Amino acid sequence: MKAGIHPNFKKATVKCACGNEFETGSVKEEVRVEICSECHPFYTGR
Amino acid sequence: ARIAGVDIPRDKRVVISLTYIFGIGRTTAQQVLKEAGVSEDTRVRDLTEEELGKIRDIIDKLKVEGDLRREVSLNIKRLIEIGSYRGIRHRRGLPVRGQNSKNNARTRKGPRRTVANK
Amino acid sequence: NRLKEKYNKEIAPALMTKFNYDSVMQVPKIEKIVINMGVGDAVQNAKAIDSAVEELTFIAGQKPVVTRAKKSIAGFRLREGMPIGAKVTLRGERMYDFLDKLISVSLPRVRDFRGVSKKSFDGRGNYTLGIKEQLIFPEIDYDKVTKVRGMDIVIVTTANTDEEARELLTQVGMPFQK
Amino acid sequence: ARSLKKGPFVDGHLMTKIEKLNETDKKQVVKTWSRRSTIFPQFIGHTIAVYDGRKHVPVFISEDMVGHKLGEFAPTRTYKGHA
RNA sequence: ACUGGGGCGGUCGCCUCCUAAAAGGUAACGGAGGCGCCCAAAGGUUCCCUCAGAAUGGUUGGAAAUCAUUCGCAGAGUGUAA
RNA sequence: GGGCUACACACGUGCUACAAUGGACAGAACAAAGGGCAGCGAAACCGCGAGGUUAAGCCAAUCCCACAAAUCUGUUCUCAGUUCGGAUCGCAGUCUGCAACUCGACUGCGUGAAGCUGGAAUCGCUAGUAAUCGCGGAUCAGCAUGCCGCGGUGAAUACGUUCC
RNA sequence: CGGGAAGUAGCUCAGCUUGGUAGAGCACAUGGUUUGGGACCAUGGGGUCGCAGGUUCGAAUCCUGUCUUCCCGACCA
RNA sequence: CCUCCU
Ligand SMILES: [K+]
Ligand SMILES: [K+]
Ligand SMILES: [Mg+2]
Ligand SMILES: [Mg+2]
Ligand SMILES: [Mg+2]
Ligand SMILES: [Mg+2]
Ligand SMILES: [Mg+2]
Ligand SMILES: [Mg+2]
Ligand SMILES: [Mg+2]
Ligand SMILES: [Mg+2]
Ligand SMILES: [Mg+2]
Ligand SMILES: [Mg+2]
Ligand SMILES: [Zn+2]
């Protein structure tokens, strides 16, 4: 990672309004999604 | 805010902004907001996460977007497959509902392609 | 992150038993993830690359390299050395961090999502999936995007065959078509 | 769309012929002029030869064809482009 | 001026190949092509590298743009003719 | 039974639009002229609605069709192919009719096309006219943007006769 | 026989020399105008550049061959 | 500018 040229990349925490929570690495400090793997129906099954 | 996989207009009122979802018009947008209990005058940008949540749950029951688009597609596909008169009108790009075709079938036909008269 | 820890503790022991390998060294892993944006409209519009980079920069988290034309092609009005794309290679944490967000968050936001295809292995256990909208990625804001544009996402693995690669990807949360 | 209170329409003559075949496992071409008759569920599998105006067009019935009038599968006009 | 008489047509210096008879050389108005430059790097050096094409997968994107894997004495490249 | 309803296309006559002198929503209003006997059908109840069930009155200055709508006053939208426009198409209905596939009208929900005031050219109108807004009727089971009537609001301009 | 020059829409011609865009006039088509023509006005459409091969990322354009049509030359005996 | 024949 040659310094300067890249963006700032750090802890994130994603949050489904549906309730799921976990911390990836990303640019945004607080990511807030309105859908994820646990809420979406293809994954869950309907 | 994204609703049913569609970023609706933020600056407009919610009754109007909900109609940007495929499968929702003014009456459906009224009847969801009623059920949610959100005011029709409120802007999308000035909704709470409570309000959006309640709206999302209602719209998730309603058949919208690709769910609806697939249904419509198969309906039209069925008519073609069986070889119904309507199916023949669908594929040939002509009126399907008895509209006369000697004149004024331009929505189906598309723009004019002029040919030399006698 | 969780997926790297999940891989080492859960997936790799399962695959050992599943395929009945002699060594743990035979267990397939994800080598790298190359995200490619082809930008052929760079021929017409000069700023197409500059925009496409900025999108890919935030999605991946590394500065992309700008790919250039290997040949001149008349059909596309392409000359040799023209910028017509941008790739970024992801390995290690930046790879797993990305792949977690892809499966957990981004692929759900795909409009009318009904799983990614089981057909799209290369025949030697590498998977590629075509994204259409860059709006699915949570780093991309809706308002800032003007030109809509997708990408290829190659998942390279040490699986020799597709069925071994398929298993590995299924053991990760990746939503394969039922 | 015919009223639900009335229920789906079919000519007695047509229905009687197909019901007569449904008594057994008989399958024959039921030539008819009743284009207005709805295709009932119990028509499925038969080959009703519907009169188009000048000839009896043979129409093999399917599940998807149920609901539709027999005339919908026997188009009256002949068109194959100008020039 | 050359010239299978002269005129008329064509040619005239340089480079590469064949004719050229396995050293070199070798003629004809014999057979084929190039040149009268270009490059401030397309030069020097140090360090690193491998090409054409095909198959398969993949958003836009096609026969063919960029991405990935595999096969791959070279089927490429080497400013320009050989 | 089908066709007169075809559809590469060209013309005539119209309807609806292209929006803020507007759209949406809400509250006040103010007509005329007609039609009605197996016909008009109130009210009531049910249905989001088209309508349905039931049924008062009236062979009518008595009852019914019948609700005027533009307008006025609020509220909202704030110039956008949109809260403009409503074609086209999917689904589900209603009614008439023996029967609405070819080929009915209307309703609900969804869809949301072209269209940003129209080239050459060309039409009507001199006043309760033009323009615009509804209403009724004949034909008719059902089916009118057509036709024949009806009132509401209500302009501009005419110097002049050269030219067409 | 030798040497030139053309060959591009239905017809007549530009574009070729400088490689990236197929143009122009008449004609044709539709509308308008007229009782109807003509003329006039408005609005369109039409080749893929003789054929083949080559060079080029790319050919109407550069190179070669071929075909067709013209033009010039064929002298001293 | 023209206006088929009887
Ligand atoms: K001689
Ligand atoms: K160097
Ligand atoms: Mg009709
Ligand atoms: Mg001499
Ligand atoms: Mg001589
Ligand atoms: Mg000479
Ligand atoms: Mg020798
Ligand atoms: Mg030698
Ligand atoms: Mg007629
Ligand atoms: Mg509207
Ligand atoms: Mg007068
Ligand atoms: Mg009537
Ligand atoms: Zn979730």
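Chain identifiers are assigned alphabetically (A, B, ...) following the order of the sequence lines, protein sequences preceding nucleic acid strands; residue numbering begins at 1 within each chain.
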- Under 5.5 Å between six-ring centres and under 30° between planes, true for F:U78 and F:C79? no
- Note on the structure: When both distances are under 3.5 Å in a Watson-Crick or G-U wobble arrangement, the nucleotide paired with E:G24 is none
- If anything within 90° of 0 is syn and all else is anti, what is F:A120? anti
- Item | WC/wobble flag for F:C91 and F:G110, Watson-Crick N1-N3 plus second contact under 3.5 Å | no
- Query: Any chance G:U12 and G:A24 qualify as a Watson-Crick or G-U wobble pair, both distances under 3.5 Å?
  - Reply: yes
- Query: Does G:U48 fall in syn (glycosidic angle within 90° of 0) or anti?
  - Reply: syn
- Check every strand shown and say whether B:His90 touches a base, only sugar-phosphate, or nothing at a heavy-atom separation below 4.0 Å. sugar-phosphate
- Between F:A8, F:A99, F:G110, which nucleotide has the shortest distance from any of its atoms to the side chain of B:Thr27? F:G110
- Under 5.5 Å and under 30°: C:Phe76 stacked on E:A64: yes
- Decide if a Watson-Crick or G-U wobble pair links G:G19 and G:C1, counting it only when both distances are under 3.5 Å. no
- Message: Is E:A21 syn or anti, taking syn as a glycosidic angle within 90° of 0?
- Response: syn
- Message: Taking side-chain contact (heavy atoms from CB on, under 4.5 Å) as the definition, give me every residue that meets it alongside C:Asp122, ordered by chain and number, with sequence neighbours left out.
- Response: C:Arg124, C:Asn126, C:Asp162
- Counting only Watson-Crick and G-U wobble pairs, both distances under 3.5 Å, are F:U54 and F:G12 paired? no
- Pair flag F:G57 x F:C40, Watson-Crick or wobble criteria, under 3.5 Å: yes
- With a non-hydrogen cut-off below 4.0 angstrom, is B:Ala116 in contact with a base, only sugar-phosphate, or nothing? sugar-phosphate
- G-U wobble or Watson-Crick pairing nucleotide for G:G65 (cut-off 3.5 Å, both distances): G:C51
- Where each residue is assigned the nucleotide of RNA chain E containing its nearest heavy atom, which of C:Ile131 and C:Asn126 is assigned the position nearer the 5′ end? C:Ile131
- Message: At 4.0 Å (heavy atoms only), tell me whether D:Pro75 reaches a base, stays on the sugar-phosphate, or touches nothing.
- Response: nothing
- Message: For a quick test of reading the model, state the closest non-hydrogen atom pair linking B:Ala29 to B:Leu18 and the distance between them.
- Response: CB-CB, 3.9 Å
- Task: Could you check if F:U73 and F:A38 make a Watson-Crick or G-U wobble pair, where both distances must be under 3.5 Å?
- Result: no
- Selection from F:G97, E:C67, F:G90 that lies nearest to any side-chain heavy atom of C:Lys70: E:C67
- Note on the structure: Picking from F:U83, E:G58, F:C89, the nucleotide nearest the side-chain atoms of B:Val96 would be F:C89
- Can G:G73 and G:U18 be counted as a Watson-Crick or G-U wobble pair, both distances below 3.5 Å? no
- What does C:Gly150 touch in the nucleic acid at a heavy-atom separation under 4.0 angstrom: a base, only the sugar-phosphate, or nothing? base
- Message: Would F:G118 and F:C18 qualify as a Watson-Crick or G-U pair, given that each of the two distances needs to be less than 3.5 Å?
- Response: yes
- Query: Glycosidic conformation of E:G4, syn or anti, with 90° from 0 as the boundary?
  - Reply: syn
- Query: Hey, does B:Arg26 reach any base, or is it just sugar-phosphate, or nothing, if we go heavy atoms under 4.0 Å?
  - Reply: sugar-phosphate
- Query: Which is true for B:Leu68 with a 4.0 Å heavy-atom rule: it touches a base, it touches only sugar-phosphate, or it touches nothing?
  - Reply: sugar-phosphate
- Note on the structure: Per nearest nucleotide of RNA chain F, the residue lying toward the 5' end, B:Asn104 or B:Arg112, is B:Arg112
- Query: So what does D:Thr78 hit on the nucleic acid, given a heavy-atom distance under 4.0 Å: a base, only sugar-phosphate, or nothing?
  - Reply: nothing
- NA contact type, B:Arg86, heavy-atom cut-off 4.0 Å: base, sugar-phosphate, or nothing? sugar-phosphate
- First of C:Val156 and C:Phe121 reached from the 5' end of RNA chain E, by closest nucleotide: C:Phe121
- Query: Is a salt bridge present between B:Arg56 and A:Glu34, judged by a nitrogen-to-oxygen distance below 4.0 Å?
  - Reply: yes
- Contact class for B:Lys102 (heavy atom, under 4.0 Å): base, sugar-phosphate, or nothing? base
- Does anything in residues 33-49 of chain B pair up under salt bridge (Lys or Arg N to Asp or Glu O under 4.0 Å), and if so which pairs, sequence neighbours excluded? B:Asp11-B:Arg45
- With a 4.0 Å cut-off on heavy atoms, is B:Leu74 in touch with a base, just the backbone sugar-phosphate, or nothing at all? nothing
- Message: Parallel, tilted or perpendicular: which one describes the rings of D:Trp33 and D:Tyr51, with boundaries at 30° and 60°?
- Response: tilted
- Query: If you look at every strand shown and take non-hydrogen atoms under 4.0 Å, does B:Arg113 touch a base, only sugar-phosphate, or nothing?
  - Reply: sugar-phosphate
- Message: From C-beta outward on C:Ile84, which listed nucleotide comes closest to its side chain: E:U66, F:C25, F:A10?
- Response: E:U66
- Task: Check every atom of F:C4, F:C25, F:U82 against the side chain of D:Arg77 and return the nucleotide holding the closest atom.
- Result: F:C4
- Task: Give C:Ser120 one of three labels, base, sugar-phosphate or nothing, depending on what nucleic acid heavy atoms sit under 4.0 Å from its own.
- Result: sugar-phosphate
- Message: In the structure I gave you, are the side-chain heavy atoms of A:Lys2 and C:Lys63 within less than 4.5 Å of one another anywhere?
- Response: no
- Message: Heavy atoms only, 4.0 Å cut-off, all strands: where does C:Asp152 land among base, sugar-phosphate and nothing?
- Response: base
- Correct closest heavy-atom pair for C:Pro108 and A:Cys36 would be CG-C, 3.7 Å
- Test: C:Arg109 and C:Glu133 ion pair at under 4.0 Å: no
- Watson-Crick or G-U wobble between G:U48 and G:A60, both distances under 3.5 Å? no
- Query: Considering every strand shown, what is the Watson-Crick or G-U wobble mate of F:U153 when both distances are under 3.5 Å?
  - Reply: F:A131
- Describe the nucleic acid contact of B:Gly25 in one word from base, sugar-phosphate, nothing, applying a heavy-atom distance below 4.0 Å. sugar-phosphate
- Item | Complementary nucleotide for F:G49 - Watson-Crick or wobble, under 3.5 Å | none
- Counting only Watson-Crick or G-U wobble geometry with both distances under 3.5 Å, does F:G136 pair with F:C148? yes
- Judged by modelled atom types alone, do C:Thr57 and C:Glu54 share a side-chain donor-acceptor pair under 3.5 Å? no
